[PDB]
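For reference, each letter of the sequence shown is one residue, going 115 to 322 in mature numbering (1 follows the signal peptide of the UniProt record, and there is no 0). Okay, structure first, notes after.
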Amino acid sequence: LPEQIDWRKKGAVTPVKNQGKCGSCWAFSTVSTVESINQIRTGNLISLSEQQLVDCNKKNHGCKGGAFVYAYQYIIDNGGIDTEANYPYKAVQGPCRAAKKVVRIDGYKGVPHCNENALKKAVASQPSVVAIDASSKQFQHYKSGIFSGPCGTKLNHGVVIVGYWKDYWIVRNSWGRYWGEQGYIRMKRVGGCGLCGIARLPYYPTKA
Ligand SMILES: CC(C)C[C@H](NC(=O)[C@@H](O)CC(=O)O)C(=O)NCCCCNC(N)=[NH2+]
Numbered sequence: 115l116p117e118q119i120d121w122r123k124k125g126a127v128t129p130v131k132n133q134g135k136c137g138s139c140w141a142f143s144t145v146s147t148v149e150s151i152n153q154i155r156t157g158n159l160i161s162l163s164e165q166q167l168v169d170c171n172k173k174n175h176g177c178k179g180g181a182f183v184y185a186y187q188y189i190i191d192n193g194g195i196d197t198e199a200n201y202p203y204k205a206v207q208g209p210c211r212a213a214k215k216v217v218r219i220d221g222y223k224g225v226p227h228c229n230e231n232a233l234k235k236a237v238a239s240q241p242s243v244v245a246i247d248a249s250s251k252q253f254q255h256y257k258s259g260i261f262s263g264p265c266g267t268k269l270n271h272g273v274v275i276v277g278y279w280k281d282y283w284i285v286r287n288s289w290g291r292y293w294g295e296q297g298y299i300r301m302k303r304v305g306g307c308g309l310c311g312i313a314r315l316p317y318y319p320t321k322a
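Next comes the structure, spelled out in structure tokens:
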């Protein structure tokens with residue numbers, strides 16, 4: 115497969131977003147991969163609604179956390195997801211409003227655990243969600259360069275891998291542009307379960 119890929123360079127990734135002070139990383143990462151597969155398939159780049167998920171996804175827990183599988187499953191079950199414009203983000207949970215089904219997906223697949231080759235194969239197809247230990251201070255204060263740790267493998271933050279180079283993953287965070295490299299962080303590729311456990315629980319939506 116390609117030595118390097120960057121979906122941002124292919125117009126598959128929307129501008130960086132800020133989940134603000136609400137534990138919704140499960141929504142932002144999930145929605146981003148949806149926005150991505152949709153553009154890759156339809157040629158349309160559309161910003162989708164995290165808030166919808168936050169409000170209408172019982173299986174997950176609004177600002178109190180969530181999981182990849184359920185998010186995807188929701189979007190699928192619900193028959194589609196609405197745009198960022200009609201259902202803006204509020205950084206605080208609320209009653210499920212009715213929403214327009216702008217974008218739809220057919221399924222989602224898991225990438226084999228702690229297998230960075232498989233993950234490379236997946237990212238080469240389309241951006242993917244991953245869980246990382248984002249609890250270390252070094253990571254939280256990461257500003258630039260190829261981050262190589264330290265960070266454990268305790269899964270607590272959800273992000274997206276939008277591309278890669280020979281020795282690092284191009285990760286998209288949901289903390290705005292004033293964190294890392296204009297919102298992104300280049301995480302070294304170290305095999306095993308990966309840096310901060312980045313290769314522990316990867317996934318990507320599917321659209322036929
Ligand atoms: C695996 C990734 C997505 C971490 C995830 N935590 C979150 O969603 C966030 O707090 C992420 C964030 O940056 O806000 C998580 O696993 N949290 C657990 C929440 C459990 C929900 N509460 C229960 N058990 N009812």
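Every residue gets a Cβ at the ideal spot worked out from N, C-alpha and C, and that includes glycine.
Sixteen is the threshold: when 16 or more other Cβ atoms of the shown chains lie within 10 Å of the Cβ of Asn152, as they do, the residue is buried. Scanning its chain for C-beta atoms nearer than 7 angstroms, with the 5 sequence neighbours on each side dropped, one finds around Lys214 the residues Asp196, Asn200, in chain order. The C-alpha of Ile275 is placed about 6 angstroms away from the C-alpha of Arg286. The criterion of a C-beta distance shorter than 9 angstroms is satisfied by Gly263 and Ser250. Boundaries of the beta strand (DSSP E) harbouring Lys223: 221-224, taken from the DSSP string.
About 17 angstroms separates the beta carbon of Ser239 from that of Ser143, a gap too long to meet the 8 angstroms contact definition. In the three-state reduction of the DSSP assignment, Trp121 falls in the coil class, being assigned neither a helical nor a strand state.
Annotation for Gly208 indicates a beta carbon at 8 angstroms or more from all heavy atoms of ligand 1. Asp191 sits exposed, since fewer than 16 C-beta atoms from the chains shown fall within 10 Å of its C-beta. Judged by DSSP in its simplified three-state form, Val130 adopts coil rather than helix or strand. Between the C-alpha atoms of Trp283 and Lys302 there is a straight-line separation of about 6 angstroms.
In this structure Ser150 touches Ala126 by the C-beta definition: roughly 5 angstroms separates them, less than 8 angstroms. Taking C-alpha positions only, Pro116 is separated from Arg122 by approximately 15 angstroms.
Of the other Cβ atoms in all chains shown, 16 or more fall within 10 Å of the Cβ of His271; this residue is therefore buried.
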